[PDB]
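Structure file model.cif; described as mmCIF, C-alpha atoms and all ligand atoms; chains and numbers go by the auth columns.
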```cif
data_target
#
loop_
_atom_site.group_PDB
_atom_site.id
_atom_site.type_symbol
_atom_site.label_atom_id
_atom_site.label_comp_id
_atom_site.label_asym_id
_atom_site.label_seq_id
_atom_site.Cartn_x
_atom_site.Cartn_y
_atom_site.Cartn_z
_atom_site.B_iso_or_equiv
_atom_site.auth_seq_id
_atom_site.auth_asym_id
ATOM 1 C CA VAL A 1 117.076 113.204 89.912 0.00 1 A
ATOM 2 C CA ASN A 2 116.026 115.470 92.744 0.00 2 A
ATOM 3 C CA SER A 3 116.092 119.251 93.381 0.00 3 A
ATOM 4 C CA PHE A 4 118.771 119.397 96.103 0.00 4 A
ATOM 5 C CA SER A 5 121.542 121.752 94.891 0.00 5 A
ATOM 6 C CA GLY A 6 125.093 122.465 95.933 0.00 6 A
ATOM 7 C CA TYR A 7 125.693 119.389 98.089 0.00 7 A
ATOM 8 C CA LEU A 8 129.009 117.613 98.449 0.00 8 A
ATOM 9 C CA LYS A 9 128.626 113.853 98.007 0.00 9 A
ATOM 10 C CA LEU A 10 130.112 111.904 100.922 0.00 10 A
ATOM 11 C CA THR A 11 128.984 108.379 100.046 0.00 11 A
ATOM 12 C CA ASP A 12 126.620 106.594 97.723 0.00 12 A
ATOM 13 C CA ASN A 13 123.659 107.940 99.734 0.00 13 A
ATOM 14 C CA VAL A 14 124.832 110.804 102.010 0.00 14 A
ATOM 15 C CA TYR A 15 125.255 114.418 100.882 0.00 15 A
ATOM 16 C CA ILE A 16 126.217 117.495 102.917 0.00 16 A
ATOM 17 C CA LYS A 17 125.935 121.271 102.578 0.00 17 A
ATOM 18 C CA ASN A 18 126.646 124.387 104.644 0.00 18 A
ATOM 19 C CA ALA A 19 123.075 125.637 104.844 0.00 19 A
ATOM 20 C CA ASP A 20 120.327 126.837 107.150 0.00 20 A
ATOM 21 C CA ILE A 21 117.885 123.906 107.215 0.00 21 A
ATOM 22 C CA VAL A 22 114.968 126.352 107.472 0.00 22 A
ATOM 23 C CA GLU A 23 116.005 128.178 104.300 0.00 23 A
ATOM 24 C CA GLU A 24 116.809 124.913 102.544 0.00 24 A
ATOM 25 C CA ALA A 25 113.379 123.542 103.402 0.00 25 A
ATOM 26 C CA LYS A 26 111.603 126.693 102.198 0.00 26 A
ATOM 27 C CA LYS A 27 113.359 126.407 98.860 0.00 27 A
ATOM 28 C CA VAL A 28 113.241 122.674 98.169 0.00 28 A
ATOM 29 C CA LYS A 29 109.924 121.809 99.886 0.00 29 A
ATOM 30 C CA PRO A 30 111.234 118.267 100.444 0.00 30 A
ATOM 31 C CA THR A 31 108.927 115.338 101.076 0.00 31 A
ATOM 32 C CA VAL A 32 110.551 114.979 104.527 0.00 32 A
ATOM 33 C CA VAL A 33 112.404 117.457 106.743 0.00 33 A
ATOM 34 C CA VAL A 34 113.888 116.017 109.941 0.00 34 A
ATOM 35 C CA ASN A 35 113.510 117.912 113.214 0.00 35 A
ATOM 36 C CA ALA A 36 116.009 117.563 116.067 0.00 36 A
ATOM 37 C CA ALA A 37 113.204 116.919 118.552 0.00 37 A
ATOM 38 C CA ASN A 38 113.000 116.119 122.246 0.00 38 A
ATOM 39 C CA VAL A 39 110.624 113.549 123.758 0.00 39 A
ATOM 40 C CA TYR A 40 108.083 116.248 124.713 0.00 40 A
ATOM 41 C CA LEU A 41 108.149 117.868 121.246 0.00 41 A
ATOM 42 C CA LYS A 42 108.930 121.169 122.984 0.00 42 A
ATOM 43 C CA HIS A 43 110.547 123.095 120.141 0.00 43 A
ATOM 44 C CA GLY A 44 112.318 125.842 122.134 0.00 44 A
ATOM 45 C CA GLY A 45 115.732 126.175 120.566 0.00 45 A
ATOM 46 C CA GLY A 46 118.340 124.787 118.252 0.00 46 A
ATOM 47 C CA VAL A 47 117.033 123.318 115.018 0.00 47 A
ATOM 48 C CA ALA A 48 113.605 122.650 116.549 0.00 48 A
ATOM 49 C CA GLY A 49 113.062 126.193 117.765 0.00 49 A
ATOM 50 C CA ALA A 50 114.101 127.525 114.360 0.00 50 A
ATOM 51 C CA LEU A 51 111.826 125.178 112.363 0.00 51 A
ATOM 52 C CA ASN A 52 108.902 125.900 114.673 0.00 52 A
ATOM 53 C CA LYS A 53 109.425 129.673 114.397 0.00 53 A
ATOM 54 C CA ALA A 54 109.355 129.357 110.595 0.00 54 A
ATOM 55 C CA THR A 55 105.902 127.689 110.870 0.00 55 A
ATOM 56 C CA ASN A 56 104.576 130.608 112.971 0.00 56 A
ATOM 57 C CA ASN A 57 104.223 128.150 115.929 0.00 57 A
ATOM 58 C CA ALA A 58 101.890 125.812 113.997 0.00 58 A
ATOM 59 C CA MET A 59 104.413 122.992 114.499 0.00 59 A
ATOM 60 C CA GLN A 60 104.199 123.493 118.289 0.00 60 A
ATOM 61 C CA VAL A 61 100.373 123.568 118.263 0.00 61 A
ATOM 62 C CA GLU A 62 100.250 120.303 116.306 0.00 62 A
ATOM 63 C CA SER A 63 102.925 118.777 118.546 0.00 63 A
ATOM 64 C CA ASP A 64 101.078 119.645 121.759 0.00 64 A
ATOM 65 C CA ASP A 65 97.990 117.827 120.466 0.00 65 A
ATOM 66 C CA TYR A 66 100.174 114.831 119.500 0.00 66 A
ATOM 67 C CA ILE A 67 101.667 114.608 123.006 0.00 67 A
ATOM 68 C CA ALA A 68 98.291 115.064 124.704 0.00 68 A
ATOM 69 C CA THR A 69 97.010 112.041 122.751 0.00 69 A
ATOM 70 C CA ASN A 70 100.082 109.779 122.658 0.00 70 A
ATOM 71 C CA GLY A 71 102.439 110.814 125.457 0.00 71 A
ATOM 72 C CA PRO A 72 106.163 111.432 125.020 0.00 72 A
ATOM 73 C CA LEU A 73 108.402 109.851 122.439 0.00 73 A
ATOM 74 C CA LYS A 74 111.300 107.555 123.348 0.00 74 A
ATOM 75 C CA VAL A 75 114.902 108.727 123.118 0.00 75 A
ATOM 76 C CA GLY A 76 115.950 107.190 119.795 0.00 76 A
ATOM 77 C CA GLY A 77 112.361 107.282 118.513 0.00 77 A
ATOM 78 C CA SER A 78 110.387 109.416 116.093 0.00 78 A
ATOM 79 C CA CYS A 79 106.989 110.452 114.819 0.00 79 A
ATOM 80 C CA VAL A 80 105.754 111.780 111.471 0.00 80 A
ATOM 81 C CA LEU A 81 103.764 115.021 111.613 0.00 81 A
ATOM 82 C CA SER A 82 102.965 117.769 109.123 0.00 82 A
ATOM 83 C CA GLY A 83 105.746 119.672 107.403 0.00 83 A
ATOM 84 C CA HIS A 84 103.562 122.808 107.425 0.00 84 A
ATOM 85 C CA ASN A 85 105.033 125.433 105.051 0.00 85 A
ATOM 86 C CA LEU A 86 108.470 123.763 105.042 0.00 86 A
ATOM 87 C CA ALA A 87 107.947 120.226 103.670 0.00 87 A
ATOM 88 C CA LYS A 88 105.233 117.658 103.068 0.00 88 A
ATOM 89 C CA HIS A 89 106.106 115.891 106.333 0.00 89 A
ATOM 90 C CA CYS A 90 108.289 116.532 109.351 0.00 90 A
ATOM 91 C CA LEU A 91 110.009 113.500 110.864 0.00 91 A
ATOM 92 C CA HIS A 92 110.583 114.457 114.510 0.00 92 A
ATOM 93 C CA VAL A 93 113.574 112.360 115.645 0.00 93 A
ATOM 94 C CA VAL A 94 114.880 112.283 119.225 0.00 94 A
ATOM 95 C CA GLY A 95 118.642 111.893 119.353 0.00 95 A
ATOM 96 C CA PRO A 96 120.184 111.497 122.825 0.00 96 A
ATOM 97 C CA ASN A 97 120.970 114.769 124.617 0.00 97 A
ATOM 98 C CA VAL A 98 124.421 114.510 126.191 0.00 98 A
ATOM 99 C CA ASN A 99 123.572 117.524 128.348 0.00 99 A
ATOM 100 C CA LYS A 100 120.884 115.287 129.926 0.00 100 A
ATOM 101 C CA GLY A 101 123.186 112.270 130.354 0.00 101 A
ATOM 102 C CA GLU A 102 121.493 110.130 127.703 0.00 102 A
ATOM 103 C CA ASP A 103 123.290 107.128 126.249 0.00 103 A
ATOM 104 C CA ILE A 104 125.111 108.110 123.057 0.00 104 A
ATOM 105 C CA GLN A 105 124.622 104.528 121.731 0.00 105 A
ATOM 106 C CA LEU A 106 121.022 105.625 121.228 0.00 106 A
ATOM 107 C CA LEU A 107 122.272 107.792 118.361 0.00 107 A
ATOM 108 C CA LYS A 108 122.318 104.792 116.004 0.00 108 A
ATOM 109 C CA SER A 109 118.709 103.942 116.912 0.00 109 A
ATOM 110 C CA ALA A 110 117.751 107.569 116.225 0.00 110 A
ATOM 111 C CA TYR A 111 119.292 107.494 112.732 0.00 111 A
ATOM 112 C CA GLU A 112 117.547 104.173 111.945 0.00 112 A
ATOM 113 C CA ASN A 113 114.293 106.158 111.741 0.00 113 A
ATOM 114 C CA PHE A 114 115.621 107.785 108.563 0.00 114 A
ATOM 115 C CA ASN A 115 115.544 104.399 106.760 0.00 115 A
ATOM 116 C CA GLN A 116 111.735 104.531 106.676 0.00 116 A
ATOM 117 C CA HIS A 117 111.933 107.433 104.154 0.00 117 A
ATOM 118 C CA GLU A 118 113.481 107.276 100.695 0.00 118 A
ATOM 119 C CA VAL A 119 114.801 110.881 100.724 0.00 119 A
ATOM 120 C CA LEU A 120 115.234 113.343 103.627 0.00 120 A
ATOM 121 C CA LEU A 121 116.590 116.796 104.421 0.00 121 A
ATOM 122 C CA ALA A 122 118.120 116.540 107.907 0.00 122 A
ATOM 123 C CA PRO A 123 120.486 118.071 110.481 0.00 123 A
ATOM 124 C CA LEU A 124 123.109 116.026 112.279 0.00 124 A
ATOM 125 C CA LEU A 125 121.334 114.306 115.152 0.00 125 A
ATOM 126 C CA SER A 126 122.479 115.075 118.691 0.00 126 A
ATOM 127 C CA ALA A 127 124.701 117.923 117.417 0.00 127 A
ATOM 128 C CA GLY A 128 124.426 121.546 118.476 0.00 128 A
ATOM 129 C CA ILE A 129 122.684 122.050 121.810 0.00 129 A
ATOM 130 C CA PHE A 130 122.236 118.273 122.195 0.00 130 A
ATOM 131 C CA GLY A 131 125.918 118.137 123.077 0.00 131 A
ATOM 132 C CA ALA A 132 127.322 115.275 120.988 0.00 132 A
ATOM 133 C CA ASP A 133 130.411 115.451 118.790 0.00 133 A
ATOM 134 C CA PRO A 134 129.141 116.293 115.267 0.00 134 A
ATOM 135 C CA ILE A 135 132.011 114.343 113.669 0.00 135 A
ATOM 136 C CA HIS A 136 130.761 111.277 115.540 0.00 136 A
ATOM 137 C CA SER A 137 127.186 112.039 114.522 0.00 137 A
ATOM 138 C CA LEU A 138 128.204 112.202 110.851 0.00 138 A
ATOM 139 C CA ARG A 139 130.013 108.863 111.152 0.00 139 A
ATOM 140 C CA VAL A 140 126.954 107.190 112.713 0.00 140 A
ATOM 141 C CA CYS A 141 124.750 108.726 110.004 0.00 141 A
ATOM 142 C CA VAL A 142 126.910 107.340 107.190 0.00 142 A
ATOM 143 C CA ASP A 143 127.151 103.921 108.848 0.00 143 A
ATOM 144 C CA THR A 144 123.402 103.667 109.642 0.00 144 A
ATOM 145 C CA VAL A 145 121.295 105.491 107.052 0.00 145 A
ATOM 146 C CA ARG A 146 120.838 103.634 103.761 0.00 146 A
ATOM 147 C CA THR A 147 118.252 105.973 102.216 0.00 147 A
ATOM 148 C CA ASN A 148 119.192 109.259 100.563 0.00 148 A
ATOM 149 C CA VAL A 149 119.999 111.926 103.144 0.00 149 A
ATOM 150 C CA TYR A 150 120.822 115.586 102.481 0.00 150 A
ATOM 151 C CA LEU A 151 122.504 117.026 105.581 0.00 151 A
ATOM 152 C CA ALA A 152 122.324 120.738 106.304 0.00 152 A
ATOM 153 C CA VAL A 153 125.046 122.094 108.600 0.00 153 A
ATOM 154 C CA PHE A 154 124.381 125.640 109.789 0.00 154 A
ATOM 155 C CA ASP A 155 127.909 126.525 110.946 0.00 155 A
ATOM 156 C CA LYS A 156 130.398 127.058 108.105 0.00 156 A
ATOM 157 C CA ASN A 157 133.387 126.397 110.366 0.00 157 A
ATOM 158 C CA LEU A 158 131.863 123.100 111.472 0.00 158 A
ATOM 159 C CA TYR A 159 130.937 122.233 107.912 0.00 159 A
ATOM 160 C CA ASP A 160 134.541 122.696 106.766 0.00 160 A
ATOM 161 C CA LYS A 161 135.796 120.617 109.695 0.00 161 A
ATOM 162 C CA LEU A 162 133.282 117.835 108.959 0.00 162 A
ATOM 163 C CA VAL A 163 134.331 117.643 105.299 0.00 163 A
ATOM 164 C CA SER A 164 138.066 117.883 105.952 0.00 164 A
ATOM 165 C CA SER A 165 137.988 115.151 108.635 0.00 165 A
ATOM 166 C CA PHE A 166 135.620 112.768 106.820 0.00 166 A
ATOM 167 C CA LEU A 167 137.000 109.285 106.267 0.00 167 A
HETATM 168 O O1 LIG B . 121.138 124.959 116.429 0.00 201 A
HETATM 169 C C1 LIG B . 121.051 124.948 115.247 0.00 201 A
HETATM 170 N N1 LIG B . 121.712 123.875 114.496 0.00 201 A
HETATM 171 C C2 LIG B . 122.390 122.929 115.347 0.00 201 A
HETATM 172 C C3 LIG B . 121.373 121.962 116.003 0.00 201 A
HETATM 173 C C4 LIG B . 120.196 122.252 116.675 0.00 201 A
HETATM 174 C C5 LIG B . 119.438 121.236 117.223 0.00 201 A
HETATM 175 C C6 LIG B . 119.857 119.916 117.112 0.00 201 A
HETATM 176 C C7 LIG B . 121.041 119.613 116.442 0.00 201 A
HETATM 177 O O2 LIG B . 121.445 118.274 116.356 0.00 201 A
HETATM 178 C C8 LIG B . 121.817 120.643 115.886 0.00 201 A
HETATM 179 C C9 LIG B . 123.136 120.627 115.089 0.00 201 A
HETATM 180 C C10 LIG B . 123.531 122.049 114.848 0.00 201 A
HETATM 181 C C11 LIG B . 123.861 122.324 113.369 0.00 201 A
HETATM 182 O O3 LIG B . 123.076 121.947 112.459 0.00 201 A
HETATM 183 O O4 LIG B . 124.922 122.932 113.071 0.00 201 A
HETATM 184 C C12 LIG B . 120.283 126.104 114.616 0.00 201 A
HETATM 185 C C13 LIG B . 119.888 127.164 115.436 0.00 201 A
HETATM 186 N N2 LIG B . 119.239 128.192 114.940 0.00 201 A
HETATM 187 C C14 LIG B . 118.930 128.265 113.650 0.00 201 A
HETATM 188 C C15 LIG B . 119.296 127.246 112.783 0.00 201 A
HETATM 189 C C16 LIG B . 119.996 126.127 113.258 0.00 201 A
HETATM 190 C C17 LIG B . 118.945 127.325 111.281 0.00 201 A
HETATM 191 C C18 LIG B . 117.858 128.350 111.022 0.00 201 A
HETATM 192 C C19 LIG B . 118.076 129.645 111.779 0.00 201 A
HETATM 193 N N3 LIG B . 118.205 129.475 113.207 0.00 201 A
#
```

Once you've parsed the file, please lay out its structure as structure tokens.
Ligand SMILES: O=C(N[C@H]1c2cccc(O)c2C[C@H]1C(=O)O)c1cnc2c(c1)CCCN2
Amino acid sequence: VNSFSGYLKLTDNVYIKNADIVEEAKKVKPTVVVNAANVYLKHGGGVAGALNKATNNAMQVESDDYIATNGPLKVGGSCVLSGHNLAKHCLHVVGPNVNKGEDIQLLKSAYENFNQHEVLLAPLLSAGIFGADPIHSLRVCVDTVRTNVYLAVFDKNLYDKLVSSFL
């Protein structure tokens, strides 16, 4: 039993809810919240900009030190950093950005990072300002992640479309 509330169950291990991931994180304080990161951990907009704003920019300060030490992530890769006031840990995962021409096949590699964590609160990778089809992202999630994932979808219209079209 865990504290996630109000989710629709899609499969054995994948759950989905129309929710603001920032507000969901503040309430649940999950072990892991996933950020929709870029390789530079520049959290300017989308999910990343919103999570960083909720940490009062502490996420960005920590991220800048990480990059100065380690260099950029790979598209499809991840790193574990602090969850600040939102979660124990933040898993920063880089899905491909279609608006940069990145190979959508890398989306499966991106979701594989979730399998290193037993339970996660996450957005749909490569959705939103990353330019991929969220229906496709949900399909890759279900077909790749084997650990327990609680997906937060900000847009109610998109949420209803994702549920109604789910196979
Ligand atoms: O862009 C947002 N989400 C989308 C997003 C962003 C970045 C990467 C992604 O793969 C996605 C999928 C989108 C979604 O999940 O629908 C977003 C933007 N601003 C916000 C919030 C969410 C929630 C807190 C308040 N401010």

- Query: Could you spell out the hits of the PyMOL selection byres (((not hetatm)) within 10 of (chain A and resi 201)) on the shown file, as an MDAnalysis selection string?
  - Reply: chainID A and resid 18:24 35:38 43:54 93:97 122:134 137 151:159

- Tell me, in Å to one decimal, how far CA of residue 57 in chain A is from CA of residue 113 in chain A.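 We find that CA of residue 57 in chain A and CA of residue 113 in chain A lie 24.5 Å from each other.
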
- Nearest to residue 87 in chain A by atom-to-atom distance, counting all atoms listed in the file, from A:161, A:136, A:29, A:146: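 Nearest to residue 87 in chain A: A:29.
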
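Proximity ranking of A:67, A:167, A:80, A:149 relative to residue 119 in chain A places A:149 first, based on only C-alpha atoms.
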
- Contacts of range 11-13 of chain A within 9 Å, only C-alpha atoms, excl. fewer than 5 positions in-chain, as a list in words: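 Once the adjacent positions are removed, what remains is residues 142, 145, 146, 147, 148, 149 and 150 of chain A.
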
- Task: Between CA of residue 86 in chain A and CA of residue 102 in chain A, measure the distance and give it in Å to one decimal.
- Result: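 Between CA of residue 86 in chain A and CA of residue 102 in chain A the gap is 29.5 Å.
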
- Query: Applied to this file, what does the PyMOL selection byres (((chain A and resi 3) around 10) and not hetatm) return in terms of residues, put as a list in words?
  - Reply: residues 1, 2, 4, 5, 6, 27, 28, 29 and 30 of chain A

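Reported to one decimal place, the separation of CA of residue 85 in chain A from CA of residue 141 in chain A is 26.3 Å.
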
- Output check: residues returned by the PyMOL selection byres (((chain A and resi 77) around 9) and not hetatm), as a VMD selection string: chain A and resid 39 73 to 76 78 to 79 92 to 95 109 to 110 112 to 113

Edge lengths and centre in Å, axis-aligned, range 131-136 of chain A plus 8 Å each side, as JSON:
```
{"center_x": 129.0, "center_y": 114.7, "center_z": 118.4, "size_x": 22.1, "size_y": 22.9, "size_z": 25.4}
```

- Query: Taking only C-alpha atoms into account, which of A:41, A:83, A:61, A:10 comes nearest residue 26 in chain A?
  - Reply: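 Looking at the shortest contact to residue 26 in chain A, the residue is A:83.
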